[PDB]
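Trainee: I'd like to ask some things about the structure below.
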């Protein structure tokens, strides 16, 4: 599924993402935009270390989900990476929450550092009624 901006904003707020571990909803929106373009079935293969980024939040298979083909990987979210490709984003949201409980927080994704950190992210939620 390809979410419309405000549709996703309202969904994430309902799922408890606003302020989760100090991360504003606007930052979560910025992350989803740059990781997948708000597309739940998006996948990015990293030939460099043989891992794959899955779903709307581009969650990596080396640490967060199991796809069985990633070398020396763990599955901290206790999920099959397949669960991160569903139209229903509940499992992906639960796993994103787990990622940010680690020390790096939202910084765990390099895309957030390049495209969202220290920028005016208000644009991602303006006019959505959240």
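Residues 19-148, in that order, are what chain A shows, numbered as in Swiss-Prot.
Determined by X-ray crystallography, 1.8 Å, according to the entry header.
For all residues, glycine too, the Cβ spot is worked out from N, Cα and C.
As annotated by Swiss-Prot, active site applies to 53, 71. The annotation disulfide bond is assigned in Swiss-Prot to 24-146, 48-134, 83-99, 95-113.
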Trainee: Three-state secondary structure of residue 83 (disulfide bond) from DSSP?
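Mentor: Where residue 83 (disulfide bond) sits, the three-state DSSP reduction gives coil.
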Trainee: Which of the three DSSP-derived classes (helix, strand, coil) applies to residue 146 (disulfide bond)?
Mentor: coil
Trainee: For residue 146 (disulfide bond), which residues in the same chain are close in space, meaning a Cβ under 8 Å from its Cβ, but six or more apart along the sequence?
Mentor: 23, 24, 27, 28
Trainee: Fill in the CA-CA distance, residue 83 (disulfide bond) to residue 134 (disulfide bond), as an integer in Å.
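Mentor: Residue 134 (disulfide bond) has its Cα 24 Å from the Cα of residue 83 (disulfide bond).
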Trainee: Between residue 95 (disulfide bond) and residue 71 (active site), how many Å separate their Cα atoms?
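Mentor: Between the Cα atoms of residue 95 (disulfide bond) and residue 71 (active site), the distance comes to 14 Å.
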Trainee: I need the CA-to-CA distance for residue 113 (disulfide bond) versus residue 99 (disulfide bond), whole Å please.
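Mentor: Here the two Cα atoms are 10 Å apart.
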Trainee: Just to be sure I understand the packing, how many Cβ atoms besides its own are within 10 Å of the Cβ of residue 24 (disulfide bond)?
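Mentor: 16, counting other Cβ atoms within 10 Å of residue 24 (disulfide bond).
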Trainee: When the Cα of residue 99 (disulfide bond) is compared with the Cα of each of the recorded positions 53, 71, 134, which one is closest?
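Mentor: Ranked by Cα distance from residue 99 (disulfide bond), first place goes to 71.
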Trainee: If you measure residue 48 (disulfide bond) to residue 71 (active site) at Cα, how many Å is it?
Mentor: 17
Trainee: Can you see whether DSSP assigns residue 134 (disulfide bond) to helix, strand or coil?
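Mentor: Looking at the DSSP assignment, residue 134 (disulfide bond) belongs to neither helix nor strand, so coil.
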Trainee: Mind telling me which of the disulfide-bonded residues 48, 83 has the densest Cβ neighbourhood, counting other Cβ atoms within 10 Å?
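Mentor: Neighbour-count leader: 83.
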